[PDB]
Amino acid sequence: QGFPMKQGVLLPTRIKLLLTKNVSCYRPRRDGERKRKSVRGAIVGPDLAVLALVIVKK
RNA sequence: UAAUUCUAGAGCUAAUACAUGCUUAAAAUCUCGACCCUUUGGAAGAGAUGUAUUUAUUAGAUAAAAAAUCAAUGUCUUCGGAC
(Lines give C-alpha, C1' and ligand atoms only; values in the text may rest on other atoms or scores of the structure.)
Protein backbone atom coordinates (compact mmCIF):
# COMPACT_ATOMS: atom_id res chain seq x y z
CA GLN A 1 0.00 0.00 0.00
CA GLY A 2 2.84 2.37 0.77
CA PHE A 3 3.22 2.40 4.45
CA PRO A 4 6.56 2.13 6.23
CA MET A 5 7.86 -0.12 8.99
CA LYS A 6 8.43 0.99 12.57
CA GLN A 7 10.67 -0.84 15.00
CA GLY A 8 8.87 -1.67 18.18
CA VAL A 9 5.43 -2.91 17.23
CA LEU A 10 5.22 -6.67 17.48
CA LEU A 11 2.73 -7.47 14.76
CA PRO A 12 2.82 -8.49 11.13
CA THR A 13 0.21 -5.88 10.15
CA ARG A 14 -0.51 -2.15 10.23
CA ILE A 15 -2.12 -0.05 12.93
CA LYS A 16 -2.97 3.57 13.78
CA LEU A 17 -0.70 5.49 16.13
CA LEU A 18 -0.51 9.01 17.56
CA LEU A 19 2.89 10.24 16.49
CA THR A 20 4.95 12.90 18.25
CA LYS A 21 7.81 15.32 17.56
CA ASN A 22 11.12 13.44 17.68
CA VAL A 23 9.95 10.03 16.50
CA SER A 24 10.42 8.85 12.92
CA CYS A 25 7.70 8.40 10.23
CA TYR A 26 6.13 11.84 10.81
CA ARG A 27 7.04 15.43 10.30
CA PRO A 28 5.03 18.15 12.03
CA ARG A 29 3.85 21.31 10.34
CA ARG A 30 3.20 23.51 13.40
CA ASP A 31 4.81 23.38 16.80
CA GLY A 32 3.29 21.19 19.40
CA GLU A 33 0.99 19.29 17.09
CA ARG A 34 0.45 15.53 16.94
CA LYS A 35 -1.34 13.57 14.24
CA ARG A 36 -2.80 10.10 14.12
CA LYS A 37 -1.24 8.24 11.20
CA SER A 38 -1.10 4.56 10.28
CA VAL A 39 2.17 2.61 10.22
CA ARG A 40 3.11 -0.97 9.34
CA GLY A 41 4.47 -3.35 11.94
CA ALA A 42 7.97 -4.61 12.54
CA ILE A 43 7.53 -8.24 11.45
CA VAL A 44 8.21 -9.26 7.86
CA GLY A 45 5.75 -11.22 5.80
CA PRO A 46 4.38 -11.96 2.34
CA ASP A 47 2.70 -8.55 2.05
CA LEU A 48 5.84 -6.44 1.76
CA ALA A 49 7.17 -4.96 -1.42
CA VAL A 50 10.69 -3.73 -0.63
CA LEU A 51 13.27 -4.44 2.05
CA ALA A 52 16.38 -2.79 3.45
CA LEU A 53 19.69 -4.66 3.45
CA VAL A 54 23.03 -3.55 4.84
CA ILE A 55 26.11 -5.67 4.14
CA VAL A 56 27.65 -6.10 7.57
CA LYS A 57 30.24 -8.58 6.24
CA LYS A 58 30.89 -9.75 2.71
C1' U B 1 1.97 3.71 -3.30
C1' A B 2 -4.03 4.88 -7.97
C1' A B 3 -3.38 8.41 -4.66
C1' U B 4 -2.61 14.23 -0.04
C1' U B 5 1.81 19.98 2.25
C1' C B 6 2.89 10.92 2.69
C1' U B 7 7.69 9.50 3.49
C1' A B 8 11.98 4.77 4.25
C1' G B 9 17.03 2.94 4.10
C1' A B 10 22.66 4.48 3.35
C1' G B 11 26.36 8.59 3.30
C1' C B 12 28.42 13.94 4.74
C1' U B 13 29.25 19.30 7.91
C1' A B 14 27.75 24.14 11.14
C1' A B 15 25.30 27.51 15.55
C1' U B 16 22.98 32.99 19.97
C1' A B 17 20.36 25.04 18.40
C1' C B 18 21.54 20.88 22.26
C1' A B 19 25.10 19.12 26.48
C1' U B 20 29.08 20.66 29.61
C1' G B 21 32.71 23.98 32.03
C1' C B 22 37.58 27.84 34.31
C1' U B 23 38.98 32.76 35.58
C1' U B 24 39.49 37.84 40.21
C1' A B 25 40.67 43.31 44.87
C1' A B 26 41.48 43.68 49.69
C1' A B 27 38.88 43.84 54.25
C1' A B 28 36.13 42.16 58.32
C1' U B 29 33.38 38.48 61.34
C1' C B 30 32.28 33.71 63.04
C1' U B 31 32.76 29.11 64.79
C1' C B 32 36.47 24.94 65.77
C1' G B 33 40.51 24.62 68.18
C1' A B 34 47.87 22.58 68.01
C1' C B 35 50.13 24.48 71.74
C1' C B 36 51.13 27.69 76.10
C1' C B 37 51.13 27.98 81.73
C1' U B 38 48.98 30.20 83.85
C1' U B 39 46.19 33.95 85.95
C1' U B 40 40.93 36.91 85.61
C1' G B 41 44.75 33.66 80.39
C1' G B 42 46.05 34.00 75.15
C1' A B 43 46.76 31.23 70.69
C1' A B 44 48.97 28.74 65.80
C1' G B 45 46.17 26.57 62.34
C1' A B 46 41.60 25.26 60.01
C1' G B 47 36.92 26.03 57.74
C1' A B 48 32.32 29.16 56.91
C1' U B 49 30.05 33.11 54.59
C1' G B 50 27.03 35.89 46.46
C1' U B 51 22.15 35.20 44.81
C1' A B 52 17.80 31.96 44.23
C1' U B 53 14.70 27.58 46.50
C1' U B 54 11.80 25.51 51.50
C1' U B 55 11.04 25.62 57.05
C1' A B 56 11.91 27.62 62.06
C1' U B 57 13.35 31.57 65.36
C1' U B 58 14.98 37.02 66.67
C1' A B 59 15.36 43.07 65.12
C1' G B 60 11.79 45.93 62.76
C1' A B 61 11.83 51.42 69.35
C1' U B 62 8.99 55.72 70.61
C1' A B 63 3.20 59.58 75.37
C1' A B 64 6.61 62.88 81.48
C1' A B 65 10.44 63.18 85.92
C1' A B 66 14.22 61.08 90.47
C1' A B 67 16.35 57.50 93.72
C1' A B 68 17.57 52.85 96.69
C1' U B 69 19.57 48.55 94.52
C1' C B 70 22.63 43.20 92.45
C1' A B 71 27.16 43.05 90.33
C1' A B 72 30.06 43.89 85.93
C1' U B 73 32.86 46.96 83.28
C1' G B 74 34.45 52.20 78.67
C1' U B 75 37.31 55.47 81.23
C1' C B 76 40.82 60.05 85.40
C1' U B 77 41.75 55.02 88.35
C1' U B 78 39.74 58.29 92.89
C1' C B 79 41.69 49.77 91.58
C1' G B 80 36.16 52.81 95.08
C1' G B 81 34.73 50.48 90.39
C1' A B 82 30.97 55.50 91.13
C1' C B 83 30.57 56.79 86.06
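Residues numbered from 1 in each chain as written, not as in the entry; some residues may be left out. Chains lettered and ligands numbered in written order. Part of a larger assembly, values for the part shown. Heavy atoms only, no water.

- For this deposition, the record names cryo-EM as the technique by which the model was determined and cites 3.70 Å as its resolution.

1. Here we look at unusual backbone geometry
Logical step 1: Despite not being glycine, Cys 25 shows a phi value in the positive range, around 75 degrees.
Logical step 2: By the secondary structure assignment, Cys 25 is in the loop between β1 (14-18) and β2 (36-40).
Logical step 3: Taking the relative accessible area as the measure of exposure, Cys 25 reaches 31% and is therefore partly exposed. (Helix = DSSP H or I, 4+ residues; strand = E, 2+ residues; numbered from the N terminus. Buried < 20%, exposed > 50% of the residue type's maximum accessible area, 1.4 Å probe, protein only.)

2. What about the protein's contact with RNA strand B?
Logical step 1: Residues in close proximity to RNA strand B include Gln 1, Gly 2, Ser 24, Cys 25, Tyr 26, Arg 27 and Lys 37, which together make up its full environment.
Logical step 2: In the interface set of RNA strand B, defined as its atoms within 4 Å of the protein, sugar plus phosphate atoms amount to 100%.
Logical step 3: With respect to RNA strand B, the backbone of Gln 1 contributes an N or O atom lying 3.1 Å from a sugar or linking oxygen.
Logical step 4: In this structure, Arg 27 approaches RNA strand B through a main-chain N or O atom, which is 3.1 Å from a phosphate oxygen.
Logical step 5: Looking at side-chain class alone, the surface near RNA strand B contains two nonpolar, three polar and two charged residues. (Near = heavy atom within 4 Å. Polar contact = N/O pair within 3.5 Å; in protein donor to acceptor, adjacent residues only side chain to side chain. Nonpolar A, V, L, I, M, F, W, Y, C, P; charged D, E, K, R; others polar.)

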